[PDB]
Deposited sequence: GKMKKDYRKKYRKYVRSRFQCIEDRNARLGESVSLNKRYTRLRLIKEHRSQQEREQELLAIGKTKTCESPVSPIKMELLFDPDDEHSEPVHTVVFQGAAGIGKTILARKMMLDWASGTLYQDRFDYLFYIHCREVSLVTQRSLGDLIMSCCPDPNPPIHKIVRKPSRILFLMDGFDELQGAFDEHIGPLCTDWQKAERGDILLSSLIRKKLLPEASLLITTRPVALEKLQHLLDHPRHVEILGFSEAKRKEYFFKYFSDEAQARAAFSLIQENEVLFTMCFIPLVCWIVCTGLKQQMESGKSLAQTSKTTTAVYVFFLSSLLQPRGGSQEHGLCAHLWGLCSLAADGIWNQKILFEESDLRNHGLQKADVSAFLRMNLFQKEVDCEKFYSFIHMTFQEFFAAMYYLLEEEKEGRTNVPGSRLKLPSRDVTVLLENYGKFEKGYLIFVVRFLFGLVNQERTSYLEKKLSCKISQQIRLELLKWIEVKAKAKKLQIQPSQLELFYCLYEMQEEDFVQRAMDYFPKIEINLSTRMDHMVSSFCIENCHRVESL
């Protein structure tokens, strides 16, 4: 009662910003598989028995973290689940070690402000607890389905993977509620652990909310209308801006153009990322940024210490400049890239830099949870390897290595196409990034039949481009 008040006050302060003012928050579209947040845990016709597990699947950059942080803030302010949950515990998955031994009590205490929380009091009513697991796909290391034995004691220290598996399977605090957010790529791994989950999909920004975002980002109404009109004129940007991270990336780059006229002709997500990074260029620490990202991807480190950045040649003034440029993020003496997609962009760039590791071993670990799935590393490799595209940033890349990698990617597509890791639609996202018709046409010939499941206008745009470049050699 008195501790619940002290805890709620702490949650209200630490969840006030997107960075850690939640007035820049724009409503995200959620669908059940127009769901009202307050009714998420209500049974439909489950004879009055509530739903204890809710899974929010959402693409990278769709706003899973922002939605989870808004949920924490709304609840702490008495706006959400006021009469349903005494406690909401935010489990930031990227900070949870899968090997360190810890109890569920230690985990709950790590979410508390003070060193001595009344853990026995908190756990007295498990059904009044909602565990908000943000970013299942961001748990560093392997998350094996065979792990065990399962734990049924909230006080027992277990390896992080056994602890989280026991919690997800509802072995530990069986009637506590659980809200897990994940990229659709990890849904395969997660579904095996889930007990009667309610599945919800985060679709991102509607066309109306895309405009709303641009108008909220730009203080000047004239600048907001000019930036939104640019997006309306460009099919690719208009279509990609359903992803709130893309809205932020585009708005940020257009802001610098406004300082110095508005024109963005980006046709791929690689073009969008290069356009953004080019706006920060006044670059010296490119080999250091790329090696840091590649080391963090291959060795599973999303949070870096001051010691980690020092190992890659990033001094005090450099880490402060990257923080100001919105390339680095300050997290709880820990640093990370502003988004995991940027860490994967610099990891892809590491393989092409001229002064570079083996792309064959990288492709062997593609689609593995242990490595983060390497979706954007591979997509950005297809994009950056495109010779028909250049910039000052891309001039630092080697044409010799890019030509070798281009041949390896074509041989990789051939095997995937000729023979469940990269779907056919995922190969289309890769080919769409490549853009270059000779490669695209050669790769499209490897497919014996087109078998795709389209869900979004982005899926249609990408697959339609690939199918238009899939014409039989003999045809006409």
Exercise. Numbering the deposited sequence from 1, which residue ranges have no coordinates here?
Worked result: 1-4, 25-34, 48-72, 300-301, 324-333, 384-386, 410-425, 490-493
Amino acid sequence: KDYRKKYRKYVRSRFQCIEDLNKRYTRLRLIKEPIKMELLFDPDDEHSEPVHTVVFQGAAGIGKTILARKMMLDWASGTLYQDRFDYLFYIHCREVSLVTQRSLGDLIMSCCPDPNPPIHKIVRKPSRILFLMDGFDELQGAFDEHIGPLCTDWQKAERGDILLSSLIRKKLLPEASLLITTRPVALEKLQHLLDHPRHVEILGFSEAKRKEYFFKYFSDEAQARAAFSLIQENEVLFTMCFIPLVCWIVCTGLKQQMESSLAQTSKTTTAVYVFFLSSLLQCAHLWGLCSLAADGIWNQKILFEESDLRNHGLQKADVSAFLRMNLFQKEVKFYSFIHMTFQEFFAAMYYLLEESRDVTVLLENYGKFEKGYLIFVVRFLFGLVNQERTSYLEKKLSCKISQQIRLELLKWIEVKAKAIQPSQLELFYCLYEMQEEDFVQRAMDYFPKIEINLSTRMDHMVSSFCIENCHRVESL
From here on, numbers count along this sequence of modelled residues.
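Take the two forms, find the largest set of C-alpha atoms that superpose within 1.5 Å, and that set is the rigid core.
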For this session: Give, as the answer, the stretch of 321-329 and 367-375 that departs more from the shown form in 4 other deposited structures of this protein; the measure is RMS Cα distance after a core fit.
Result: 321-329
Exercise. After a core fit, does 120-128 or 356-364 show the bigger CA gap to the shown form in 4 other deposited structures of this protein?
Worked result: 356-364
Exercise. At least a third of the other compared entries: do they leave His47 without coordinates?
Worked result: yes
Problem set entry | Other entries omitting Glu19, at least a third | no
Exercise. For the stretches 391-399 and 339-347, which has the higher mean C-alpha B-factor as given in the deposited record?
Worked result: 391-399
Seminar exercise, completed: Stretch with higher mean Cα temperature factor, 305-313 vs 239-247, is 305-313
For this session: Could you check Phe143, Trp298, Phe382, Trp154 and tell me which one carries the biggest Cα B-factor in the deposited entry?
Result: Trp298
Seminar exercise, completed: Max C-alpha B-factor within the set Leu323, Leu150, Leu178, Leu203 falls on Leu323
For this session: For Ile18, return the chain-relative third of its C-alpha B-factor as stated in the PDB record: lowest, middle or highest.
Result: highest
For this session: Divide the modelled residues of the chain into thirds by Cα B-factor and specify which third, lowest, middle or highest, holds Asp45.
Result: highest
For this session: Determine, from the deposited record, the chain-internal third of the Cα B-factor for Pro448: lowest, middle or highest.
Result: highest
Exercise. Split the chain's modelled residues into thirds by Cα B-factor; is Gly61 in the lowest, middle or highest one?
Worked result: lowest
Exercise. Should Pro184 be placed in the lowest, middle or highest third of its chain by the C-alpha B factor in the entry?
Worked result: lowest
